[PDB]
Amino acid sequence: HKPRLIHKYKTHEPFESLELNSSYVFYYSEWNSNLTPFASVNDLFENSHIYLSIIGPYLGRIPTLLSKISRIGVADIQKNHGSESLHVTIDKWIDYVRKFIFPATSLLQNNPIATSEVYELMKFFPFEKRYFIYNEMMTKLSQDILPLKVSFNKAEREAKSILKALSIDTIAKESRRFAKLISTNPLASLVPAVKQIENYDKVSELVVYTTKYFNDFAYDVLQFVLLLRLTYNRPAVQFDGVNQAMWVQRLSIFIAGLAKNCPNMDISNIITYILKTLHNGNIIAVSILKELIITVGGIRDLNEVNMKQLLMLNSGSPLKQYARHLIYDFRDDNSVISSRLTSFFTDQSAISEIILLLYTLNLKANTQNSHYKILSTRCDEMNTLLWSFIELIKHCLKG
Amino acid sequence: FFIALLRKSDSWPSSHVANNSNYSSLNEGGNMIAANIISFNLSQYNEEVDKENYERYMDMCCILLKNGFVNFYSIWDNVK
Amino acid sequence: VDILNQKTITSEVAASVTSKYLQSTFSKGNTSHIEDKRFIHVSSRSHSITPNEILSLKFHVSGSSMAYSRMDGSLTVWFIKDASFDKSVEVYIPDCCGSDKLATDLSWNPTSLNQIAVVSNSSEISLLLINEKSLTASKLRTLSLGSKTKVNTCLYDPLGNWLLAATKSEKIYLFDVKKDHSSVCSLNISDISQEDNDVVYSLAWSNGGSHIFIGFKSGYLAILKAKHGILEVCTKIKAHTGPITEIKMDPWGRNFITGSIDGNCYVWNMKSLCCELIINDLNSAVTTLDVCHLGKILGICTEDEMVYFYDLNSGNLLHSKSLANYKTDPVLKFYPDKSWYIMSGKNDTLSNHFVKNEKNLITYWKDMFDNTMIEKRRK
Amino acid sequence: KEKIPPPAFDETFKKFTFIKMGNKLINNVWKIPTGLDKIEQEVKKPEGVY
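This entry lists cryo-EM as its structure determination method and reports a resolution of 3.2 Å.

Right under this line is the structure:
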């Protein structure tokens, strides 16, 4: 065993290198004699107002420097966990990560690894102050800095070129092309994607197929964009009131398709949207919950059943299980999917709040006066929804 | 050798040596006759010979700015 | 002129020489087919088709022996002293690690000159010698432990100091090599990856032989020490959004490379443990991955059935061959002592190897320089 | 012959707003009082209705 033999050369290029047998170094070795490497955290916060404010949104040209500052932050929250100086340590890192770390993340081209290191610092934050930073960077995009505005207009122009040539035969390799554009900056690229979901059909089955290659950052922005389109100011109900809309049905098939296929996705802020909006009495919150029970759960209704099939369902048996196999009532097939969904309703402590809300909303429909036949259907439609919600409770909450 | 040669000759600013590491003293300088030759010679880049020797000449003038031989603003104002 | 201007290898004259070396290794006189047992069986049925892909291909660290295991049957061990690949099969063993199961992984021994460790899929590791005079393969021992379910992979230390055998569900075993092949430690995979029921896809030893890199199914990458007998977890970073397929190391000990099932391949440096260079390879899932021995060429082979050749210092492309009509899972492998490579797949499941007359890239530039210099000494 | 003053770097961070979320639209949904006491005073008595 013999070692390898190399030889030094002193060059004028600043960055160190190594060729096939020659290594190169910078000739002026006393280049760092006036500088001093600073101490722990109190000196980093002072010297970053000088250096990091000159290159404002240009720290994203050095992606290895953006990954190093984000690991100082996670390692400082965890060691200074304690119980006393923790609400102070988080607050010091809120204002740092929003002044000159999150603007640098938007000037990135293809770096799903540089954006995951930033988000592991933002997992320690409350979700109210994480939704403040997302909305402001869609407001001081335009009114403020220019290099951020050229970057947002390049991602939107590229997301609008993929979505036009999106066919069911090309998603073998256009699923990987589209999923690095979302993973780098979602706030520029996801908003033309959910705007082309509620316009045309057949594109919910393509975007949910692409969601297996997202990262944890683009899963938390997608929940913010969906909460942005549902509270967006638009006519929810159509003109006269006989039908609802065309976007309110295409968007509830999308939400009920993320809760079935993608398992690394928290939708626990869509559920608490449904709780507070049913108190008002709404038509978007009802049509989401109707597709969450029929698709995620497999519960089907007893409206088109034959008389020979009706006695098989009541006999407590495996004859009972065979009768559901004929009317496409897949409950026991997806028991892992439906038990994950039921746990969302328990952490909100709101299973006995949905039942009392869906009941009085069936009786409140004997007080409103808008139309004639639709109010005879809406009284029957809030009766199938309450019956088919009880059947999901009894299937999962046992004991 | 080149730095230790210039510090002993009588062209080193003995009392005008003022540094570029401070913020108020990038105008207080030394040896404005050598600042007149450096900024004249960094301005010529039209021939095919001094496009190849530009990186070595410019690297030498940045060692003389560290040490305090030339003022900073006397080169910045008078170069093209 | 541009050859004789630089007299040492620079960054630009190196990237132009290595693009002529790969261009001239695909030629007609610089390729020969390995006279295998399947090259005999295919050539009869093609003159006058059952697929059996290869499951491992490994080189001895001296660079003088090459063993590899087909799907259904046998090991085959070639012996190359200097004669390119037409010297000698020594052995091939139709019932190698038993007569019931398959041969999944292989590892040579760096200390001993002639010894393999073939791992079946049952519970047992059979160490066996390959005889030099006669064409036989006799066993040496057979290892086993308690609570051993199914072993898949085995790796030797690059110093020949440990042996790492791993299941993809239950546990990870260390066997000391110096005193006797005895179990030192055992770690449950649930302590390594805390998230879900993960499946270990790939493993690697570092160049020193003191850390182990483990790649899971959820995309996590765990780095865990092996000091003397302790086996504890140092870091745990989330690298990819998919199963980490293969892990390699730089031969100069600077960086390491990971590949995954999205079109994604990073180059992480080993000091600060942060990503350093990203290859824009948005075509398909990278299947195999290897580097040279100088550490300059990087060979990626995706599931579009196309091979690429990059640089490691930059991320530029050197060459690209498309091999679309075959039904292989084609395997690149570079020699460990000279700069030749053995790319698998010529017709159905075969192996060719691509040669030159000069060994390195450095003795190729040194011959191109001396042929140009004669012309400048002519004028 | 211009006396250069020492520069002043801003060591202050920007302050937050009273809207505890991003929009005024998303924030309005999170101000609805939810609980079991709100359904209590709405459905009060059926025999009083009957």
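Draft legend 1. The overall build of chain A, seen in detail. Along chain A, the regular secondary structure elements total 20 helices and three strands. The C-alpha radius of gyration of chain A comes to 28 Å, more than 25% above the 21 Å expected for a compact globule of 399 residues. Expressed as lengths along the three principal axes of its C-alpha atoms, the size of chain A is roughly 90 × 55 × 50 Å. Classification of the 399 residues of chain A by burial places 48% in the buried group. Within chain A, counting contacts between residues at least 6 apart in sequence, those at least 24 apart form 72% of the total. Approximately 21,400 Å² of chain A is accessible, and the part contributed by carbon and sulfur atoms is 56%. The average position of the 44 basic charges and that of the 37 acidic charges among the side chains of chain A differ by 4 Å.

Draft legend 2. Focus on the interface of chain D and chain A. With 26 residues of chain D in contact, the opposing surface of chain A contributes 29 residues. Carbon and sulfur atoms make up 67% of the area that chain D and chain A hide from each other, which totals about 2,700 Å². Of all residues in chain D, D:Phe13, D:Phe16 and D:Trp30 give up the largest surface area on contact with chain A, accounting jointly for 26% of the area buried on that side. Taken together, the connections running from chain D to chain A amount to zero salt bridges. Where chain D touches chain A, the interface holds six residue pairs in polar contact. Of all the secondary-structure elements, those providing two or more residues to the side of chain D that touches chain A are α1 (24-29) and α2 (37-40) of chain D. Element by element, the count of residues in the side of chain D that touches chain A is highest for α1(D), at three residues. Considering only residue class, the side of chain D that touches chain A consists of 13 nonpolar, six polar and seven charged.

Draft legend 3. Structural view of the arrangement of the chains. Where chain B comes nearest to chain C, the C-alpha atoms are still 14 Å apart, and the two do not contact one another. The two units chain C and chain D are non-contacting; their minimal C-alpha-C-alpha distance is 29 Å.

Draft legend 4. Spotlight on unusual backbone geometry. Residue and element names in this part refer to chain A. Its identity is not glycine, yet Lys 202 carries a phi of approximately 60 degrees, on the positive side. Tracing the chain through its elements places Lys 202 in the loop between α10 (191-194) and α11 (204-210). Classification of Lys 202 by relative accessible area gives exposed; the value is 52%. Even without being a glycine, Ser 349 presents a positive backbone phi close to 55 degrees.

Draft legend 5. Representation of the sheet that holds strand β6 (residues 116-119) of chain C in the model. Residue and element names in this part refer to chain C. Read from one edge of the open sheet, three strands run β6-β7-β8, paired in antiparallel fashion. A strand with exactly one partner marks an edge of an open sheet, and here the two such strands are β6 and β8 (137-143). Across the sheet, the mean angle separating the axes of adjacent strands is 30 degrees when strand polarity is ignored. The sheet contact formed by β6 and strand β7 (residues 125-130) spans four bridges and is antiparallel. Among the inter-strand pairings, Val 119 is bridged to a residue of β7, identified as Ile 125.

Draft legend 6. Region of the structure containing helix α2 (residues 63-79) of chain A. Residue and element names in this part refer to chain A. Taking 1.5 Å of rise per residue, 17 residues should cover 24 Å, and α2 covers 25 Å from first to last C-alpha, within 8% of that figure. What α2 keeps buried is the set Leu 66, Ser 67, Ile 69, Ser 70, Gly 73, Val 74, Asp 76 and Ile 77. Each element contacted by the buried residues of α2 is listed here: α3 (87-99), α4 (102-105) and α5 (112-119).

Draft legend 7. Molecular detail of the side chain of A:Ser48. All names here are of chain A. With respect to the helices and strands, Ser 48 occurs in the loop between α1 (44-47) and α2. Looking at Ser 48, the relative accessible area reads 4%, which means it is buried. Polar contacts involving the side chain of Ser 48 include one to the main-chain carbonyl oxygen of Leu 44, which spans 3.1 Å. Those residues in contact with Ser 48, other than ones at most four positions away along the chain, are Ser 53, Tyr 96 and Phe 100.

Draft legend 8. Here's a closer look at the pattern of salt bridges. All names here are of chain A. Per the counting criterion, the structure on display carries 16 salt bridges over all chains. The shortest N-O distance in the salt bridge between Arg 98 and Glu 136 comes to 2.6 Å. Highlighted residues: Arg 98 in helix α3 and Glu 136 in helix α6 (residues 127-136), separated in sequence by 38 residues. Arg 331 is the salt-bridge partner of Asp 329, the closest N and O atoms lying 3.0 Å from each other. The pair formed by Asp 329 and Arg 331 is uniform in burial state, with each residue classed as buried. Through salt bridges with shared partners, a single ionic network connects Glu 198, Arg 229 and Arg 234.

Draft legend 9. Examining the packing of aromatic side chains more closely. Using the criterion set out here, one finds 38 aromatic pairs over all chains in the structure. Considering the side-chain rings of A:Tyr9 and A:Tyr24, the 6.0 Å spacing of their centres and the 35 degrees angle between planes classify their relative orientation as tilted. Taken as a pair, A:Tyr9 in strand β1 (residues 7-11) and A:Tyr24 in strand β3 (residues 22-26) lie far apart in primary sequence, 15 residues in all. Exposure remark for A:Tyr24: the relative accessible area of 13% places this residue in the buried category. Geometrically, the ring pair formed by C:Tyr341 and C:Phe354 is stacked, given 4.9 Å between the ring centres and 15 degrees between the ring planes. One end of the pair, C:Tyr341, is in the loop between β24 (317-322) and β25 (352-354); the other, C:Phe354, is in strand β25, with 13 residues separating them in the sequence. The burial state of C:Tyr341 is the same as that of C:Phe354; both residues are buried. Each member of the aromatic cluster is reached from another via a ring pair, and the members are A:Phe102, A:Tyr119, A:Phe127, A:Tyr131, A:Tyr134, A:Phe217, A:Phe224 and D:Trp30. The ring centre of C:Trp252 lies 5.0 Å from the NZ or CZ of A:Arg4, which sits over that ring.

Draft legend 10. Quick peek at the interface of chain A and chain C. The interface of chain A with chain C comprises 24 residues on the first partner and 34 residues on the second. Linking chain A with chain C are zero salt bridges. For the interface between chain A and chain C, the tally reads six residue pairs in polar contact. When contributions to the side of chain A that touches chain C are tallied by element, the ones reaching two or more residues are α2, α5 and α8 (174-184) of chain A. Split by residue class, the side of chain A that touches chain C holds nine nonpolar, six polar and nine charged.

Draft legend 11. Just the pairing of strand β11 (residues 171-176) of chain C, in detail. All names here are of chain C. Across the six residues that make up β11, a large majority, six, are buried. Sheet analysis places strand β10 (residues 162-166) next to β11, joined by five bridges and oriented antiparallel. Residue pairing in the sheet places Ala 165 in a bridge with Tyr 173 of β11. Adjacent in sequence and paired antiparallel, β10 and β11 are bridged by four residues. Of the strand pairs in this sheet, β11 and strand β12 (residues 183-188) are connected by five bridges, and their pairing is antiparallel.

Draft legend 12. Structural context of the sheet that holds strand β15 (residues 220-225) of chain C. Residue and element names in this part refer to chain C. Here we have four strands laid out as an open sheet, ordered β13-β14-β15-β16, and antiparallel in their pairing. One side of each edge strand has no neighbouring strand; the edge strands of this open sheet are β13 (202-205) and β16 (233-238). The mean angle between the axes of side-by-side strands here comes to 15 degrees, regardless of whether they run parallel or antiparallel. Relative to strand β14 (residues 211-215), β13 runs antiparallel, the two sharing four bridges. For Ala 204, the partnering residue across the bridge sits in β14 and is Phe 213.

Draft legend 13. Looking closely at the side chain of A:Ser189. All names here are of chain A. Secondary-structure assignment places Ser 189 in helix α9 (residues 186-189). Overall, the relative accessible area of 0% leaves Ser 189 in the buried class. In this view, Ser 189 contacts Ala 155, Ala 159, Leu 181 and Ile 182; residues no more than four positions away in its chain are not counted.

Draft legend 14. Region of interest: the environment of D:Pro5. Along the chain, D:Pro5 turns up in the segment before α1. When the C-alpha atoms of D:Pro5 and D:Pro46 are compared, they prove to be 81 Å apart, with 41 residues separating the residues in sequence.

Criteria and thresholds
Residues numbered from 1 in each chain as written, not as in the entry; some residues may be left out. Chains lettered and ligands numbered in written order. Part of a larger assembly, values for the part shown. Heavy atoms only, no water. Helix = DSSP H or I, 4+ residues; strand = E, 2+ residues; numbered from the N terminus. Rg over C-alpha atoms; globule rule 2.2 N^0.38 Å. Buried < 20%, exposed > 50% of the residue type's maximum accessible area, 1.4 Å probe, protein only. Contact = heavy atoms within 4.5 Å. Areas by Shrake-Rupley, 256 points an atom, 1.4 Å probe, with all protein chains shown as cover. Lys, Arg positive; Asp, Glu negative; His and termini not counted. Charge placed at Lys NZ, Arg CZ, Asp CG, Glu CD. Buried area = accessible area lost by both parts, 1.4 Å probe. Salt bridge = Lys/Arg side-chain N within 4 Å of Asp/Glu carboxyl O. Polar contact = N/O pair within 3.5 Å; in protein donor to acceptor, adjacent residues only side chain to side chain. Nonpolar A, V, L, I, M, F, W, Y, C, P; charged D, E, K, R; others polar. Pairing = 2+ DSSP bridges. Axes fitted to C-alpha atoms, helices over the stretch in contact; angles between N-to-C directions. Expected span 1.5 Å × (residues − 1). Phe/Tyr/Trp six-rings, centres within 6.5 Å; stacked < 30°, edge-to-face > 60°. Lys NZ or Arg CZ within 6 Å of the ring centre and 35° of its normal.

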